[PDB]
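Asker: First the structure, then my questions, so here it is.
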Amino acid sequence: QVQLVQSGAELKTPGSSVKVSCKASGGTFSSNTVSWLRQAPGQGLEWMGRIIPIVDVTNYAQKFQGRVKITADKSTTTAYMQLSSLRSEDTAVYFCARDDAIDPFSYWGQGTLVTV
Amino acid sequence: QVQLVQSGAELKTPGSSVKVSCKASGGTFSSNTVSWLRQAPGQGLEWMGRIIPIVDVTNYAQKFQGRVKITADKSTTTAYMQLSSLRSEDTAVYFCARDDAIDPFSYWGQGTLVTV
Amino acid sequence: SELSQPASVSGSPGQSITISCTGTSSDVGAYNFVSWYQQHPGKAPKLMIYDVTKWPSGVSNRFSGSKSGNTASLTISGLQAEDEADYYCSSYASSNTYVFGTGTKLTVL
Amino acid sequence: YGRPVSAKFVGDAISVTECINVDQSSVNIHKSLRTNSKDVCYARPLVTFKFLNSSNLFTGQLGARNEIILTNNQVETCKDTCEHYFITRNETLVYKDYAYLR
Amino acid sequence: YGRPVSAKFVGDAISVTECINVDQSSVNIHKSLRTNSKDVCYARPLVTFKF
Amino acid sequence: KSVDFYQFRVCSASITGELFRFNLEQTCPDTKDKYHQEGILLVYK
């Protein structure tokens, strides 16, 4: 029963940088992959990127490349996502998921609301 | 008491090539570096370039790159400076100073007057 | 990025004259190899102050130098004599390039 | 060869010259690897020294086995959380990120 | 070394890390080496696997 | 896991790998000598 903890909602001015921290319970990250997703009010689910810490490899979407920075800490098993040069359309709820032996989006997270 | 000998004044048409030869007395060039400095009538001083014959390395100013050619002879202990495409304001006197254990340029030559 | 020097400085017998030399911090503010050269009219330049403040061999000790911040100051206390040679300030710069000041003219009564 | 030598390719043959040392008393190594602008930081720290007793300043790029290179063509893109280790004779220099000294 | 390892240059030294295997059961190799467009064909086949 | 090259694997991580350097100072010492003590010798039966 892996439990994920997400940071509280934060308000930032347009054009600034927003940092979101997701904490994963259990022993360690191991070979699990952590993915970041966003959901706009009334819209669908997007796909920002993913990070594998056992090799420390970050996979990014073709539209979010060069704008979102993902880092991982195995000592604290914490994933940090930094977004810069955000626009007025970035107001959305962000989730951190967790790859499992069955399907990748097996685990999720309370979600963090970001308003621009 | 190292003495420097410079060639006499020469007259050349604008846009031509001017060659100046400087002879250094003493035993040999050794580790000394030979520098060339021009002085306009009523103007200040500036660093044109220098040559070290130990490694045969020529250092040039950023505004004189590709325009002044500096060569040295290990047998006759003579330094040759060639400056083609001579322009009108190029007219000036030329000194071939020498580095010394006390301080560089510790020696000065007679000077060569170049008129455009 | 040539060094800037005062156009001229006045003087009088039995007085001390200070000449300033300032420039970019990349050349004078990063190294300590400033030098002052005196040139007589129609004569080869002569060096009297090198390094920072150490005097050379066989020269008068009435001259001194002091570099503070990005500005060097050369102070002369020996008046009379000629004291007419133009003074030029030089320093070492990056990329194995040397620079020289515009020049300072000293006049005495 | 036991002694260090300089060699290069001339035609189909190898031309080898002699080697000359520099003034060991006057040696300076910069503690900062950050150059002008960004992403063009130097790969290796620069070294300032002089030749024999001649009073002149010479700046170059430090090589390997206590070698000085006058061609500073070694550049690389800036990388976050970098680390560098250098060996000079019987001493080691540790550069965290792109600055500091150890 | 007998066991496979990964190494790289760090300054004047060599930094060596460990190695991690992947899922041997779930491995797929594409049978076509022709990449999209022309004159940009892949030199080596692509492999898809889990971790 | 680095048991052998037979198994497929991907290993490109580099965070805190062990550091190593090449030593270029070891050399073969020259052989020693022998005293080879000697003298006059007599036998007796």
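Residue numbering restarts at 1 for every chain of the structure tokens, chains are lettered A, B, ... in their displayed order, and ligands are numbered from 1 as they appear.
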Determine, counting only C-alpha atoms, which protein, DNA and RNA residues have an atom within 12 Å of an atom of residue B:86; residues of the same chain fewer than 2 positions away are not included. Present the result as a PyMOL selection string.
Answerer: chain B and resi 11-19+67-68+82-84+88-92+114-116
Asker: Over every C-alpha pair, in sequence order, do a least-squares fit of chain B onto chain A and save the fitted chain as a short mmCIF file (atom, residue, chain, number, x, y, z; two decimals) with N, CA, C and O atoms, in the first residue's frame.
Answerer:
data_model
loop_
_atom_site.label_atom_id
_atom_site.label_comp_id
_atom_site.auth_asym_id
_atom_site.auth_seq_id
_atom_site.Cartn_x
_atom_site.Cartn_y
_atom_site.Cartn_z
N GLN B 1 0.48 -1.13 -0.50
CA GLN B 1 -0.29 0.06 -0.16
C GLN B 1 0.61 1.29 -0.04
O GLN B 1 0.76 1.86 1.03
N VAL B 2 1.21 1.68 -1.17
CA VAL B 2 2.09 2.84 -1.20
C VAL B 2 1.25 4.10 -1.29
O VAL B 2 0.38 4.23 -2.16
N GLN B 3 1.51 5.05 -0.39
CA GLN B 3 0.78 6.30 -0.33
C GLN B 3 1.64 7.44 -0.88
O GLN B 3 2.87 7.42 -0.77
N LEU B 4 0.97 8.43 -1.46
CA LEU B 4 1.63 9.59 -2.04
C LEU B 4 1.15 10.85 -1.32
O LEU B 4 -0.04 10.99 -1.03
N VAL B 5 2.08 11.76 -1.05
CA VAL B 5 1.79 13.01 -0.36
C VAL B 5 2.18 14.16 -1.27
O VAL B 5 3.31 14.19 -1.79
N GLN B 6 1.26 15.10 -1.47
CA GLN B 6 1.49 16.25 -2.33
C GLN B 6 1.36 17.53 -1.52
O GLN B 6 0.58 17.60 -0.56
N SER B 7 2.12 18.55 -1.92
CA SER B 7 2.11 19.82 -1.22
C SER B 7 0.78 20.55 -1.45
O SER B 7 0.03 20.27 -2.39
N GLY B 8 0.50 21.50 -0.56
CA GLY B 8 -0.73 22.26 -0.64
C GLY B 8 -0.72 23.26 -1.78
O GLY B 8 0.30 23.53 -2.42
N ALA B 9 -1.89 23.83 -2.03
CA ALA B 9 -2.04 24.81 -3.10
C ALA B 9 -1.25 26.07 -2.79
O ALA B 9 -1.20 26.53 -1.65
N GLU B 10 -0.63 26.64 -3.83
CA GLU B 10 0.17 27.85 -3.70
C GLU B 10 -0.23 28.83 -4.79
O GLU B 10 -0.61 28.44 -5.90
N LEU B 11 -0.14 30.12 -4.46
CA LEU B 11 -0.47 31.20 -5.38
C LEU B 11 0.81 31.90 -5.82
O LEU B 11 1.61 32.32 -4.97
N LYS B 12 0.99 32.03 -7.13
CA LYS B 12 2.17 32.68 -7.68
C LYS B 12 1.76 33.60 -8.82
O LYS B 12 0.76 33.37 -9.50
N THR B 13 2.56 34.65 -9.02
CA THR B 13 2.30 35.59 -10.10
C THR B 13 2.60 34.94 -11.45
O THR B 13 3.44 34.04 -11.54
N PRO B 14 1.91 35.36 -12.51
CA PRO B 14 2.20 34.80 -13.84
C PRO B 14 3.64 35.08 -14.26
O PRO B 14 4.19 36.14 -13.97
N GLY B 15 4.23 34.11 -14.94
CA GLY B 15 5.60 34.22 -15.39
C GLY B 15 6.65 33.88 -14.36
O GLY B 15 7.85 34.04 -14.64
N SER B 16 6.26 33.42 -13.17
CA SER B 16 7.20 33.08 -12.12
C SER B 16 7.51 31.59 -12.17
O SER B 16 7.12 30.88 -13.10
N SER B 17 8.23 31.10 -11.17
CA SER B 17 8.62 29.69 -11.08
C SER B 17 7.82 29.02 -9.97
O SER B 17 7.70 29.56 -8.87
N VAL B 18 7.29 27.83 -10.27
CA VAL B 18 6.48 27.07 -9.33
C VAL B 18 7.15 25.72 -9.10
O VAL B 18 7.44 25.00 -10.06
N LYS B 19 7.38 25.38 -7.83
CA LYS B 19 8.00 24.13 -7.45
C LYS B 19 7.01 23.28 -6.67
O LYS B 19 6.40 23.76 -5.70
N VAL B 20 6.84 22.03 -7.08
CA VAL B 20 5.92 21.09 -6.45
C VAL B 20 6.72 19.88 -5.99
O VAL B 20 7.49 19.30 -6.77
N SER B 21 6.54 19.49 -4.73
CA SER B 21 7.24 18.37 -4.14
C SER B 21 6.26 17.25 -3.83
O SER B 21 5.21 17.49 -3.22
N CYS B 22 6.60 16.03 -4.25
CA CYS B 22 5.78 14.85 -4.02
C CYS B 22 6.60 13.82 -3.24
O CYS B 22 7.73 13.50 -3.63
N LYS B 23 6.04 13.32 -2.15
CA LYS B 23 6.69 12.35 -1.29
C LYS B 23 6.05 10.98 -1.48
O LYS B 23 4.82 10.86 -1.47
N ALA B 24 6.88 9.95 -1.64
CA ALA B 24 6.42 8.58 -1.82
C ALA B 24 6.74 7.77 -0.57
O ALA B 24 7.87 7.82 -0.07
N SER B 25 5.75 7.04 -0.08
CA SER B 25 5.92 6.21 1.11
C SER B 25 6.60 4.89 0.72
O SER B 25 7.09 4.72 -0.40
N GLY B 26 6.64 3.95 1.65
CA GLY B 26 7.26 2.67 1.39
C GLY B 26 8.75 2.67 1.70
O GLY B 26 9.31 3.61 2.26
N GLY B 27 9.39 1.57 1.31
CA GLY B 27 10.81 1.39 1.54
C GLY B 27 11.68 2.37 0.79
O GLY B 27 12.37 3.19 1.40
N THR B 28 11.66 2.29 -0.54
CA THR B 28 12.48 3.15 -1.38
C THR B 28 11.83 3.25 -2.75
O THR B 28 10.82 2.61 -3.03
N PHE B 29 12.43 4.09 -3.61
CA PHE B 29 11.91 4.26 -4.96
C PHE B 29 11.99 2.96 -5.76
O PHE B 29 11.06 2.62 -6.50
N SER B 30 13.09 2.24 -5.62
CA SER B 30 13.33 0.95 -6.31
C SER B 30 13.28 1.22 -7.81
O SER B 30 13.80 2.24 -8.27
N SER B 31 12.68 0.33 -8.60
CA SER B 31 12.63 0.47 -10.05
C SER B 31 11.40 1.22 -10.54
O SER B 31 11.19 1.32 -11.75
N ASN B 32 10.57 1.73 -9.62
CA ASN B 32 9.36 2.42 -10.02
C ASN B 32 9.68 3.75 -10.70
O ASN B 32 10.69 4.40 -10.41
N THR B 33 8.80 4.15 -11.61
CA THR B 33 8.92 5.40 -12.35
C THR B 33 7.83 6.36 -11.88
O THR B 33 6.66 5.97 -11.79
N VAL B 34 8.21 7.60 -11.59
CA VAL B 34 7.29 8.60 -11.06
C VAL B 34 6.90 9.54 -12.20
O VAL B 34 7.77 10.17 -12.81
N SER B 35 5.60 9.64 -12.47
CA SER B 35 5.09 10.47 -13.55
C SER B 35 4.28 11.63 -12.99
O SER B 35 3.71 11.54 -11.90
N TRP B 36 4.25 12.73 -13.74
CA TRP B 36 3.50 13.92 -13.36
C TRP B 36 2.43 14.19 -14.41
O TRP B 36 2.72 14.22 -15.61
N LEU B 37 1.19 14.38 -13.95
CA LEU B 37 0.07 14.64 -14.85
C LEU B 37 -0.74 15.82 -14.34
O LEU B 37 -1.11 15.85 -13.16
N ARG B 38 -1.04 16.77 -15.22
CA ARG B 38 -1.85 17.93 -14.87
C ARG B 38 -3.24 17.78 -15.47
O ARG B 38 -3.42 17.18 -16.53
N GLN B 39 -4.23 18.34 -14.76
CA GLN B 39 -5.62 18.30 -15.20
C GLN B 39 -6.23 19.68 -14.99
O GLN B 39 -6.25 20.18 -13.86
N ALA B 40 -6.72 20.28 -16.07
CA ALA B 40 -7.40 21.56 -15.98
C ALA B 40 -8.87 21.35 -15.61
O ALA B 40 -9.44 20.29 -15.89
N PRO B 41 -9.50 22.34 -14.97
CA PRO B 41 -10.92 22.20 -14.62
C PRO B 41 -11.81 22.09 -15.85
O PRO B 41 -11.92 23.04 -16.63
N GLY B 42 -12.45 20.94 -16.03
CA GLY B 42 -13.32 20.71 -17.16
C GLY B 42 -12.63 20.20 -18.41
O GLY B 42 -13.31 19.97 -19.42
N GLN B 43 -11.31 20.03 -18.38
CA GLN B 43 -10.54 19.56 -19.53
C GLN B 43 -10.13 18.10 -19.31
O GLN B 43 -10.46 17.47 -18.30
N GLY B 44 -9.39 17.57 -20.28
CA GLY B 44 -8.93 16.20 -20.25
C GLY B 44 -7.61 16.04 -19.53
O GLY B 44 -7.17 16.92 -18.78
N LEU B 45 -6.97 14.90 -19.76
CA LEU B 45 -5.70 14.56 -19.14
C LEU B 45 -4.62 14.45 -20.21
O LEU B 45 -4.88 14.05 -21.35
N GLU B 46 -3.40 14.80 -19.83
CA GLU B 46 -2.25 14.71 -20.71
C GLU B 46 -1.02 14.30 -19.90
O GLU B 46 -0.98 14.47 -18.68
N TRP B 47 -0.03 13.74 -20.59
CA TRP B 47 1.19 13.26 -19.97
C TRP B 47 2.25 14.35 -20.03
O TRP B 47 2.69 14.74 -21.12
N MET B 48 2.67 14.83 -18.86
CA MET B 48 3.71 15.86 -18.81
C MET B 48 5.10 15.24 -18.90
O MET B 48 5.87 15.55 -19.82
N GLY B 49 5.44 14.37 -17.96
CA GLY B 49 6.76 13.76 -17.96
C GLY B 49 6.87 12.70 -16.89
O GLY B 49 5.95 12.48 -16.10
N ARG B 50 8.03 12.05 -16.88
CA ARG B 50 8.30 10.97 -15.94
C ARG B 50 9.78 10.93 -15.61
O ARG B 50 10.62 11.44 -16.36
N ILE B 51 10.10 10.31 -14.48
CA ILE B 51 11.47 10.18 -14.00
C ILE B 51 11.67 8.76 -13.48
O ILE B 51 10.85 8.26 -12.70
N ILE B 52 12.75 8.12 -13.90
CA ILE B 52 13.17 6.83 -13.37
C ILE B 52 14.48 7.04 -12.62
O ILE B 52 15.48 7.45 -13.22
N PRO B 53 14.52 6.81 -11.30
CA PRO B 53 15.74 7.07 -10.53
C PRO B 53 16.79 5.97 -10.61
O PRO B 53 17.92 6.19 -10.15
N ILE B 54 16.45 4.80 -11.16
CA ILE B 54 17.44 3.73 -11.28
C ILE B 54 18.59 4.17 -12.18
O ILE B 54 19.77 3.98 -11.86
N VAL B 55 18.25 4.78 -13.31
CA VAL B 55 19.23 5.37 -14.22
C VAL B 55 19.23 6.89 -14.15
O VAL B 55 20.06 7.53 -14.80
N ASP B 56 18.33 7.47 -13.35
CA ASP B 56 18.16 8.92 -13.26
C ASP B 56 17.87 9.52 -14.63
O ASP B 56 18.53 10.46 -15.08
N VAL B 57 16.87 8.96 -15.31
CA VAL B 57 16.50 9.36 -16.66
C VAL B 57 15.15 10.05 -16.61
O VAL B 57 14.19 9.52 -16.03
N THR B 58 15.07 11.24 -17.21
CA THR B 58 13.85 12.02 -17.28
C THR B 58 13.32 12.02 -18.70
O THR B 58 14.05 12.34 -19.64
N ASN B 59 12.05 11.64 -18.86
CA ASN B 59 11.37 11.67 -20.15
C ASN B 59 10.35 12.80 -20.14
O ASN B 59 9.55 12.91 -19.21
N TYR B 60 10.39 13.63 -21.18
CA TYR B 60 9.53 14.80 -21.28
C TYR B 60 8.74 14.76 -22.58
O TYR B 60 9.16 14.16 -23.57
N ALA B 61 7.58 15.41 -22.56
CA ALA B 61 6.77 15.54 -23.76
C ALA B 61 7.41 16.51 -24.74
O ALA B 61 8.22 17.37 -24.37
N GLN B 62 7.05 16.36 -26.02
CA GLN B 62 7.62 17.20 -27.06
C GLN B 62 7.21 18.66 -26.93
O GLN B 62 7.92 19.54 -27.43
N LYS B 63 6.09 18.94 -26.27
CA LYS B 63 5.62 20.31 -26.09
C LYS B 63 6.07 20.93 -24.77
O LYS B 63 5.77 22.10 -24.52
N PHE B 64 6.77 20.17 -23.92
CA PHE B 64 7.24 20.67 -22.63
C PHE B 64 8.75 20.55 -22.47
O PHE B 64 9.26 20.62 -21.35
N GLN B 65 9.48 20.37 -23.57
CA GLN B 65 10.92 20.25 -23.50
C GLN B 65 11.56 21.59 -23.17
O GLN B 65 11.26 22.60 -23.81
N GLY B 66 12.43 21.60 -22.17
CA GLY B 66 13.13 22.80 -21.76
C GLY B 66 12.35 23.74 -20.87
O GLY B 66 12.87 24.80 -20.51
N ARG B 67 11.12 23.38 -20.49
CA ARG B 67 10.29 24.23 -19.65
C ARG B 67 10.01 23.64 -18.27
O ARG B 67 9.77 24.40 -17.33
N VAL B 68 10.04 22.32 -18.13
CA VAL B 68 9.76 21.65 -16.87
C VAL B 68 11.00 20.86 -16.46
O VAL B 68 11.54 20.09 -17.26
N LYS B 69 11.45 21.06 -15.22
CA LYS B 69 12.61 20.37 -14.68
C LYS B 69 12.15 19.39 -13.61
O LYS B 69 11.43 19.77 -12.68
N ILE B 70 12.58 18.14 -13.74
CA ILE B 70 12.19 17.07 -12.83
C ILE B 70 13.44 16.52 -12.15
O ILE B 70 14.41 16.18 -12.83
N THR B 71 13.41 16.44 -10.83
CA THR B 71 14.51 15.90 -10.05
C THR B 71 13.97 14.94 -9.00
O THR B 71 12.81 15.03 -8.60
N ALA B 72 14.83 14.03 -8.56
CA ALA B 72 14.45 13.05 -7.55
C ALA B 72 15.57 12.92 -6.53
O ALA B 72 16.75 13.12 -6.84
N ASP B 73 15.19 12.58 -5.30
CA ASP B 73 16.14 12.38 -4.21
C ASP B 73 16.08 10.92 -3.77
O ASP B 73 15.00 10.40 -3.47
N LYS B 74 17.24 10.27 -3.73
CA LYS B 74 17.31 8.87 -3.32
C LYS B 74 17.29 8.68 -1.81
O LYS B 74 17.08 7.55 -1.35
N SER B 75 17.50 9.74 -1.04
CA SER B 75 17.50 9.64 0.42
C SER B 75 16.12 9.89 1.01
O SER B 75 15.61 9.07 1.78
N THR B 76 15.51 11.02 0.67
CA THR B 76 14.19 11.38 1.18
C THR B 76 13.05 10.83 0.34
O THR B 76 11.89 10.98 0.73
N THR B 77 13.35 10.18 -0.79
CA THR B 77 12.35 9.63 -1.69
C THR B 77 11.33 10.69 -2.09
O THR B 77 10.11 10.48 -2.06
N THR B 78 11.84 11.86 -2.48
CA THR B 78 11.01 13.00 -2.84
C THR B 78 11.32 13.44 -4.27
O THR B 78 12.49 13.49 -4.67
N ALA B 79 10.27 13.75 -5.02
CA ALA B 79 10.39 14.22 -6.39
C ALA B 79 9.99 15.69 -6.47
O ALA B 79 8.96 16.09 -5.92
N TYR B 80 10.80 16.49 -7.16
CA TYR B 80 10.58 17.92 -7.29
C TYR B 80 10.36 18.26 -8.76
O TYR B 80 11.15 17.85 -9.62
N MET B 81 9.30 19.01 -9.03
CA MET B 81 8.96 19.47 -10.37
C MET B 81 8.93 20.99 -10.38
O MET B 81 8.18 21.59 -9.61
N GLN B 82 9.74 21.59 -11.24
CA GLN B 82 9.84 23.04 -11.35
C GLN B 82 9.34 23.48 -12.72
O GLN B 82 9.81 22.97 -13.75
N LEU B 83 8.40 24.43 -12.74
CA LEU B 83 7.87 24.95 -14.02
C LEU B 83 7.86 26.49 -13.97
O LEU B 83 6.89 27.05 -13.43
N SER B 84 8.85 27.14 -14.57
CA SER B 84 8.91 28.61 -14.47
C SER B 84 8.06 29.24 -15.58
O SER B 84 7.38 28.48 -16.29
N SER B 85 8.10 30.57 -15.70
CA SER B 85 7.38 31.26 -16.80
C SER B 85 5.91 30.82 -16.79
O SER B 85 5.30 30.82 -17.87
N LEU B 86 5.38 30.48 -15.62
CA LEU B 86 4.00 29.96 -15.58
C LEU B 86 3.07 30.93 -16.32
O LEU B 86 3.19 32.14 -16.10
N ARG B 87 2.20 30.40 -17.18
CA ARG B 87 1.23 31.25 -17.93
C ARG B 87 -0.15 31.10 -17.29
O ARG B 87 -0.31 30.22 -16.44
N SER B 88 -1.11 31.92 -17.71
CA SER B 88 -2.45 31.92 -17.06
C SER B 88 -3.11 30.54 -17.15
O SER B 88 -3.46 29.98 -16.09
N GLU B 89 -3.27 30.02 -18.37
CA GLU B 89 -3.95 28.71 -18.56
C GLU B 89 -3.18 27.61 -17.82
O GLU B 89 -3.76 26.52 -17.62
N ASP B 90 -1.93 27.88 -17.43
CA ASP B 90 -1.10 26.86 -16.74
C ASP B 90 -1.80 26.43 -15.45
O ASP B 90 -1.56 25.30 -14.99
N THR B 91 -2.65 27.31 -14.90
CA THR B 91 -3.37 27.00 -13.63
C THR B 91 -4.08 25.65 -13.78
O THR B 91 -4.90 25.53 -14.71
N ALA B 92 -3.78 24.70 -12.89
CA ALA B 92 -4.42 23.36 -12.94
C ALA B 92 -4.02 22.55 -11.71
O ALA B 92 -3.17 23.02 -10.94
N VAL B 93 -4.64 21.38 -11.52
CA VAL B 93 -4.25 20.48 -10.39
C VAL B 93 -3.11 19.58 -10.88
O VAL B 93 -3.02 19.37 -12.11
N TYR B 94 -2.28 19.06 -9.97
CA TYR B 94 -1.11 18.25 -10.39
C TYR B 94 -1.05 16.95 -9.60
O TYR B 94 -1.08 17.00 -8.35
N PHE B 95 -0.96 15.81 -10.30
CA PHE B 95 -0.90 14.51 -9.65
C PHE B 95 0.45 13.87 -9.93
O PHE B 95 0.95 13.91 -11.06
N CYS B 96 1.05 13.26 -8.89
CA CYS B 96 2.34 12.54 -9.08
C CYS B 96 2.06 11.03 -9.00
O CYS B 96 2.17 10.47 -7.89
N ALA B 97 1.71 10.40 -10.12
CA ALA B 97 1.35 8.96 -10.13
C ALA B 97 2.60 8.09 -10.05
O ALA B 97 3.71 8.63 -10.22
N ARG B 98 2.43 6.78 -9.82
CA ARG B 98 3.58 5.85 -9.68
C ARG B 98 3.33 4.57 -10.49
O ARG B 98 2.19 4.08 -10.47
N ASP B 99 4.37 4.05 -11.15
CA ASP B 99 4.24 2.78 -11.93
C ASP B 99 4.15 1.60 -10.95
O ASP B 99 4.79 1.68 -9.88
N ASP B 100 3.40 0.56 -11.32
CA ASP B 100 3.27 -0.65 -10.45
C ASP B 100 3.36 -1.91 -11.31
O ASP B 100 3.00 -1.84 -12.50
N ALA B 101 3.83 -3.02 -10.73
CA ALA B 101 3.98 -4.29 -11.48
C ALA B 101 2.67 -4.65 -12.18
O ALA B 101 2.73 -5.29 -13.25
N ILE B 102 1.53 -4.28 -11.60
CA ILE B 102 0.21 -4.53 -12.24
C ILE B 102 0.08 -3.62 -13.47
O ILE B 102 -0.19 -4.14 -14.56
N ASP B 103 0.29 -2.31 -13.28
CA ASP B 103 0.20 -1.34 -14.40
C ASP B 103 0.67 0.03 -13.88
O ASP B 103 0.52 0.28 -12.67
N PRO B 104 1.20 0.92 -14.74
CA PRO B 104 1.74 2.21 -14.28
C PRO B 104 0.62 3.11 -13.76
O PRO B 104 -0.53 2.87 -14.09
N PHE B 105 0.97 4.12 -12.95
CA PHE B 105 -0.04 5.08 -12.41
C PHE B 105 -0.98 4.35 -11.44
O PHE B 105 -1.98 4.97 -11.01
N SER B 106 -0.68 3.09 -11.11
CA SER B 106 -1.51 2.35 -10.17
C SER B 106 -1.76 3.11 -8.87
O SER B 106 -2.59 2.67 -8.07
N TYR B 107 -1.08 4.23 -8.65
CA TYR B 107 -1.26 5.03 -7.45
C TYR B 107 -1.41 6.50 -7.82
O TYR B 107 -0.86 6.96 -8.83
N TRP B 108 -2.16 7.23 -7.00
CA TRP B 108 -2.39 8.65 -7.22
C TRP B 108 -2.25 9.40 -5.91
O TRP B 108 -2.55 8.87 -4.84
N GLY B 109 -1.79 10.65 -6.01
CA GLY B 109 -1.61 11.49 -4.84
C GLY B 109 -2.81 12.37 -4.57
O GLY B 109 -3.83 12.33 -5.27
N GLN B 110 -2.69 13.18 -3.51
CA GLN B 110 -3.76 14.11 -3.16
C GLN B 110 -3.95 15.16 -4.25
O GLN B 110 -5.08 15.52 -4.58
N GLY B 111 -2.86 15.67 -4.80
CA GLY B 111 -2.92 16.66 -5.85
C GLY B 111 -2.57 18.05 -5.33
O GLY B 111 -2.86 18.40 -4.18
N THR B 112 -1.95 18.85 -6.19
CA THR B 112 -1.57 20.22 -5.87
C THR B 112 -2.26 21.16 -6.84
O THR B 112 -2.14 21.00 -8.06
N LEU B 113 -2.99 22.14 -6.31
CA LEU B 113 -3.73 23.09 -7.13
C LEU B 113 -2.85 24.31 -7.38
O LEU B 113 -2.36 24.93 -6.42
N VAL B 114 -2.65 24.66 -8.64
CA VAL B 114 -1.84 25.81 -9.03
C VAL B 114 -2.75 26.80 -9.75
O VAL B 114 -3.38 26.45 -10.75
N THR B 115 -2.81 28.02 -9.23
CA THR B 115 -3.63 29.08 -9.79
C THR B 115 -2.73 30.20 -10.31
O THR B 115 -1.81 30.63 -9.61
N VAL B 116 -3.01 30.66 -11.52
CA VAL B 116 -2.22 31.72 -12.13
C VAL B 116 -2.88 33.07 -11.91
O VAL B 116 -4.11 33.18 -11.92
#
Asker: As a PyMOL selection string, could you give me every residue of chain D near chain B (at most 9 Å apart, counting only C-alpha atoms)?
Answerer: chain D and resi 20+51-56+70
Asker: Please return, as a list in words, all residues of chain E lying within 8 Å of chain F when only C-alpha atoms are considered.
Answerer: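 My answer is residues 2, 3, 4, 5, 6, 12, 13, 14, 15, 16, 17, 18, 19, 20, 21, 22 and 24 of chain E.
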Asker: Next, the residues of the selection above should be written as a compact mmCIF listing (two decimals), in the first residue's frame with C-alpha atoms.
Answerer:
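Output below, filename selection17.txt:
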# COMPACT_ATOMS: atom_id res chain seq x y z
CA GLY E 2 35.03 -9.69 -15.28
CA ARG E 3 31.62 -8.17 -14.54
CA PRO E 4 30.25 -5.48 -16.88
CA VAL E 5 30.52 -1.92 -15.54
CA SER E 6 29.98 1.68 -16.63
CA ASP E 12 41.51 13.81 -14.57
CA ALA E 13 40.04 10.68 -12.94
CA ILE E 14 37.72 7.85 -13.98
CA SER E 15 34.37 7.44 -12.22
CA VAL E 16 32.85 3.95 -12.33
CA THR E 17 29.26 3.13 -11.37
CA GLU E 18 27.25 -0.06 -10.95
CA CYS E 19 24.97 -1.87 -13.41
CA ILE E 20 21.29 -2.82 -13.23
CA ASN E 21 19.56 -5.50 -15.29
CA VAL E 22 16.18 -5.15 -17.01
CA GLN E 24 14.44 -10.32 -19.66
Asker: With distances taken over only C-alpha atoms, which residue among E:47, E:10, E:27, E:33 lies nearest chain D?
Answerer: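 Of all the options, E:10 lies closest to chain D.
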Asker: Specify as a PDB file with N, CA and C atoms, in the first residue's frame all residues of chain C found within 7 Å of chain B, counting only C-alpha atoms.
Answerer:
ATOM      1  N   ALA C  44      63.516  57.919 -25.977  1.00  0.00           N
ATOM      2  CA  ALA C  44      62.911  56.635 -25.670  1.00  0.00           C
ATOM      3  C   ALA C  44      62.250  56.670 -24.291  1.00  0.00           C
ATOM      4  N   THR C  97      47.306  40.055 -23.383  1.00  0.00           N
ATOM      5  CA  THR C  97      47.269  41.351 -24.043  1.00  0.00           C
ATOM      6  C   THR C  97      47.669  42.441 -23.060  1.00  0.00           C
ATOM      7  N   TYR C  98      48.454  43.401 -23.541  1.00  0.00           N
ATOM      8  CA  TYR C  98      48.903  44.529 -22.742  1.00  0.00           C
ATOM      9  C   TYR C  98      48.176  45.797 -23.174  1.00  0.00           C
ATOM     10  N   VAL C  99      47.993  46.712 -22.221  1.00  0.00           N
ATOM     11  CA  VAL C  99      47.315  47.975 -22.469  1.00  0.00           C
ATOM     12  C   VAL C  99      48.165  49.111 -21.915  1.00  0.00           C
ATOM     13  N   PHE C 100      47.923  50.309 -22.443  1.00  0.00           N
ATOM     14  CA  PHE C 100      48.640  51.504 -22.026  1.00  0.00           C
ATOM     15  C   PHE C 100      47.653  52.651 -21.867  1.00  0.00           C
ATOM     16  N   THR C 102      46.315  56.744 -21.805  1.00  0.00           N
ATOM     17  CA  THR C 102      46.308  57.828 -22.783  1.00  0.00           C
ATOM     18  C   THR C 102      47.546  58.705 -22.645  1.00  0.00           C
ATOM     19  N   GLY C 103      47.950  59.003 -21.414  1.00  0.00           N
ATOM     20  CA  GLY C 103      49.119  59.827 -21.180  1.00  0.00           C
ATOM     21  C   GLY C 103      48.839  61.028 -20.301  1.00  0.00           C
TER      22      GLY C 103
END
Asker: Applying 7 Å and only C-alpha atoms, which residues near stretch 50-57 of chain C remain after dropping the ones on its own chain fewer than 4 positions away? List them as a short mmCIF file (atom, residue, chain, number, x, y, z; two decimals) with C-alpha atoms, in the first residue's frame.
Answerer:
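As written to disk, result-v8.cif reads:
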data_model
loop_
_atom_site.label_atom_id
_atom_site.label_comp_id
_atom_site.auth_asym_id
_atom_site.auth_seq_id
_atom_site.Cartn_x
_atom_site.Cartn_y
_atom_site.Cartn_z
CA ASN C 32 49.19 43.62 -9.60
CA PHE C 33 51.59 44.32 -12.47
CA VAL C 34 50.94 48.02 -13.04
CA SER C 35 53.78 50.17 -14.36
CA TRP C 36 54.56 53.82 -15.07
CA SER C 64 56.03 56.21 -5.03
CA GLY C 65 52.93 54.33 -6.12
CA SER C 66 49.85 52.92 -4.44
#
Asker: From the DSSP assignment of the backbone, select every residue of chain F that is strand (DSSP E or B), and format the answer as a PyMOL selection string.
Answerer: chain F and resi 9+18-20
Asker: Take the residues from that selection and put them in a file with C-alpha atoms, as a short mmCIF file (atom, residue, chain, number, x, y, z; two decimals), in the first residue's frame.
Answerer:
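Contents of selection-v6.cif, as written:
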data_model
loop_
_atom_site.label_atom_id
_atom_site.label_comp_id
_atom_site.auth_asym_id
_atom_site.auth_seq_id
_atom_site.Cartn_x
_atom_site.Cartn_y
_atom_site.Cartn_z
CA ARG F 9 20.68 -4.38 -19.43
CA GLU F 18 33.88 5.32 -7.23
CA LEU F 19 36.86 7.35 -8.45
CA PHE F 20 40.08 5.86 -9.80
#
